[PDB]
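Shown next, in structure tokens, is the structure this report addresses.
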Amino acid sequence: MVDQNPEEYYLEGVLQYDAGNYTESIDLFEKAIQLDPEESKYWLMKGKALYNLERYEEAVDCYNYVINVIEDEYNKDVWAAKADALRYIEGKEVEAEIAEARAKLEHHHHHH
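In terms of the deposited numbering, the sequence shown opens at residue 1 and continues consecutively.
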């Protein structure tokens, strides 16, 4: 499993849920990364925070970062997150559509 130093810091996951201060979680999040940057799953959370914070532009910076620094350009969850960001951006609307389709590309057939 993943065990270095930001294991206990996970306490954040609780703050946001319980403590309605997405902003506060930043303090803890910043520390987690400060310990050692290499966990993408941690960056994905940041995007949702920035996006929800009405920071569509800033949130995008995180999505591109995860794809820039790390060639992990495949994370379905990451692509989906970006779509939500575009779904509320001042500019082209065709972009949000491409994202939704790109993320929902996996589609599904016969659930049973």
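Every residue gets a Cβ at the ideal spot worked out from N, C-alpha and C, and that includes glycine.
Are residue i and residue j close, meaning C-beta to C-beta below 9 Å?
i, j, result
"residue 75", "residue 44", "yes"
"residue 59", "residue 41", "no"
"residue 86", "residue 73", "no"
Would you decide whether residue i is buried or exposed? Buried here means 16 or more other CB atoms lie within 10 Å of its CB.
i, result
"residue 46", "buried"
"residue 37", "exposed"
Quick one: what's got a C-beta closer than 8 Å to residue i's C-beta in the same chain, skipping five residues either side?
i, result
"residue 15", "21, 24, 25 and 28"
Give me the Cβ distance between residue i and residue j, rounded to the nearest whole Å; I'm assuming they're in contact under 8 Å.
i, j, result
"residue 56", "residue 78", "Not really, about 16 Å apart at Cβ, beyond 8 Å."
"residue 2", "residue 30", "Contact doesn't hold; Cβ gap of about 19 Å is too wide."
Considering only residues of the same chain and omitting the five flanking positions on each side of residue i, which have a CB-CB separation below 7 Å?
i, result
"residue 88", "56"
"residue 65", "43"
- alpha helix (DSSP H) runs wholly inside the stretch 28-55, at least 4 long, in chain order: 40-52
- Complete alpha helix (DSSP H) runs within the stretch 75-109 (minimum length 4 residues, chain order): 76-86 and 94-103
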